[PDB]
Amino acid sequence: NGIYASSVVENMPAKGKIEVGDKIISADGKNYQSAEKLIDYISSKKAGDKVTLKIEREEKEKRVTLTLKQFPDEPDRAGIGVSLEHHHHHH
(Lines give C-alpha, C1' and ligand atoms only; values in the text may rest on other atoms or scores of the structure.)
Protein backbone atom coordinates (compact mmCIF):
# COMPACT_ATOMS: atom_id res chain seq x y z
CA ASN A 1 0.00 0.00 0.00
CA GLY A 2 2.64 2.52 1.11
CA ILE A 3 5.44 1.30 -1.20
CA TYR A 4 2.95 -0.42 -3.51
CA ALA A 5 -0.42 1.18 -4.33
CA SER A 6 -3.36 -0.72 -5.82
CA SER A 7 -6.54 1.21 -5.03
CA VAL A 8 -7.25 4.52 -3.22
CA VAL A 9 -10.52 6.39 -2.57
CA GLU A 10 -11.08 9.36 -4.92
CA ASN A 11 -13.22 12.40 -3.93
CA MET A 12 -9.91 14.41 -4.05
CA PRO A 13 -8.28 16.68 -6.77
CA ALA A 14 -6.16 13.69 -7.87
CA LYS A 15 -4.57 16.29 -10.21
CA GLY A 16 -0.93 15.36 -10.86
CA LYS A 17 -1.14 12.83 -7.97
CA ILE A 18 -2.51 9.32 -8.76
CA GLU A 19 -2.22 5.94 -6.98
CA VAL A 20 -3.37 2.68 -8.68
CA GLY A 21 -0.48 0.18 -8.82
CA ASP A 22 2.14 2.90 -9.37
CA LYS A 23 5.33 2.95 -7.23
CA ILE A 24 6.59 5.81 -5.01
CA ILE A 25 10.38 6.28 -5.12
CA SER A 26 10.50 8.75 -2.20
CA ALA A 27 8.64 11.65 -0.49
CA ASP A 28 10.21 15.02 0.41
CA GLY A 29 13.57 13.67 -0.81
CA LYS A 30 13.34 11.30 2.18
CA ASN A 31 13.88 7.62 1.28
CA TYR A 32 12.07 4.74 3.03
CA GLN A 33 13.14 1.14 3.81
CA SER A 34 9.60 -0.17 4.49
CA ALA A 35 5.99 1.05 4.30
CA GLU A 36 6.00 1.41 8.10
CA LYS A 37 8.57 4.20 7.86
CA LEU A 38 6.56 6.01 5.13
CA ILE A 39 3.39 5.99 7.25
CA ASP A 40 5.36 6.96 10.37
CA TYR A 41 7.03 9.84 8.50
CA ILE A 42 3.66 11.36 7.50
CA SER A 43 2.20 10.84 11.02
CA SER A 44 -0.84 12.61 9.58
CA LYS A 45 0.33 15.85 7.90
CA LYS A 46 -2.24 16.48 5.11
CA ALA A 47 -4.60 19.38 4.47
CA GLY A 48 -2.82 22.72 3.85
CA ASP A 49 0.68 21.25 4.07
CA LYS A 50 2.66 20.60 0.86
CA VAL A 51 5.08 17.78 -0.04
CA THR A 52 7.00 16.55 -3.11
CA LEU A 53 6.08 13.00 -4.24
CA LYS A 54 7.81 11.40 -7.26
CA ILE A 55 5.94 8.71 -9.27
CA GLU A 56 7.15 6.14 -11.84
CA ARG A 57 5.18 5.47 -15.09
CA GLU A 58 6.59 3.05 -17.70
CA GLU A 59 10.15 4.22 -16.92
CA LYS A 60 9.00 7.92 -16.73
CA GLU A 61 9.18 10.39 -13.80
CA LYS A 62 7.06 13.52 -13.22
CA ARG A 63 7.23 16.41 -10.72
CA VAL A 64 4.06 18.34 -9.76
CA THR A 65 3.33 20.55 -6.72
CA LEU A 66 -0.07 19.79 -5.13
CA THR A 67 -1.69 20.56 -1.76
CA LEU A 68 -2.58 17.55 0.37
CA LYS A 69 -6.25 16.91 1.26
CA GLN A 70 -8.42 15.17 3.87
CA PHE A 71 -11.53 12.96 3.55
CA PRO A 72 -14.16 15.67 2.49
CA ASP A 73 -16.72 13.53 4.40
CA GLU A 74 -14.66 13.32 7.63
CA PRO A 75 -12.50 16.44 8.43
CA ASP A 76 -12.31 15.24 12.06
CA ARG A 77 -9.92 12.48 10.86
CA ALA A 78 -7.28 12.21 8.15
CA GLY A 79 -5.80 9.22 6.30
CA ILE A 80 -7.02 5.66 6.89
CA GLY A 81 -3.91 4.83 8.95
CA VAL A 82 -5.21 1.24 8.81
CA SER A 83 -8.27 0.98 11.12
CA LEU A 84 -10.27 -1.77 9.40
CA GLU A 85 -11.35 -3.96 12.33
CA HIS A 86 -11.23 -7.74 11.71
CA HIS A 87 -14.75 -7.87 13.18
CA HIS A 88 -16.37 -7.97 9.72
CA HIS A 89 -15.50 -11.59 8.90
CA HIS A 90 -17.67 -11.53 5.75
CA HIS A 91 -21.33 -10.84 6.58
# chains A, B, ... in the order shown; residues from 1 in each chain; ligands from 1
>>> residues_around(residues="residue 7 of chain A", least_positions_apart="4", cutoff="8 Å", atoms="only C-alpha atoms", output="ChimeraX atom specification")
/A:19-21
>>> write_last_selection(atoms="N, CA, C and O atoms", output="PDB file, in the first residue's frame")
ATOM      1  N   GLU A  19      -2.706   7.170  -7.633  1.00  0.00           N
ATOM      2  CA  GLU A  19      -2.221   5.942  -6.978  1.00  0.00           C
ATOM      3  C   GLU A  19      -3.136   4.765  -7.352  1.00  0.00           C
ATOM      4  O   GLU A  19      -4.254   4.664  -6.850  1.00  0.00           O
ATOM      5  N   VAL A  20      -2.629   3.869  -8.220  1.00  0.00           N
ATOM      6  CA  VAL A  20      -3.375   2.683  -8.681  1.00  0.00           C
ATOM      7  C   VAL A  20      -2.397   1.651  -9.253  1.00  0.00           C
ATOM      8  O   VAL A  20      -2.482   1.264 -10.415  1.00  0.00           O
ATOM      9  N   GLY A  21      -1.486   1.187  -8.413  1.00  0.00           N
ATOM     10  CA  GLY A  21      -0.482   0.183  -8.820  1.00  0.00           C
ATOM     11  C   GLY A  21       0.873   0.838  -9.022  1.00  0.00           C
ATOM     12  O   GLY A  21       1.901   0.160  -9.035  1.00  0.00           O
TER      13      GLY A  21
END
>>> residues_around(residues="residue 82 of chain A", least_positions_apart="4", cutoff="12 Å", atoms="only C-alpha atoms", output="PyMOL selection string")
chain A and resi 1-2+36+39+78+86
>>> select_by_dssp(residues="chain A", states="alpha helix (DSSP H)", output="PyMOL selection string")
chain A and resi 35-42
>>> atom_distance(atom1="atom CA of residue 38 of chain A", atom2="atom CA of residue 26 of chain A")
8.8 Å
>>> closest_residue(among="A:79, A:66, A:59, A:5", to="residue 42 of chain A", atoms="only C-alpha atoms")
A:79
>>> residues_around(residues="residue 10 of chain A", least_positions_apart="4", cutoff="12 Å", atoms="only C-alpha atoms", output="list in words")
residues 14, 15, 17, 18, 19, 20, 69, 70, 71, 72 and 73 of chain A
>>> select_by_dssp(residues="chain A", states="strand (DSSP E or B)", output="PyMOL selection string")
chain A and resi 23-27+30+50-51+53-56+61-62+66-67
>>> residues_around(residues="residue 28 of chain A", least_positions_apart="5", cutoff="7 Å", atoms="only C-alpha atoms", output="NGL selection string")
:A and (51-53)
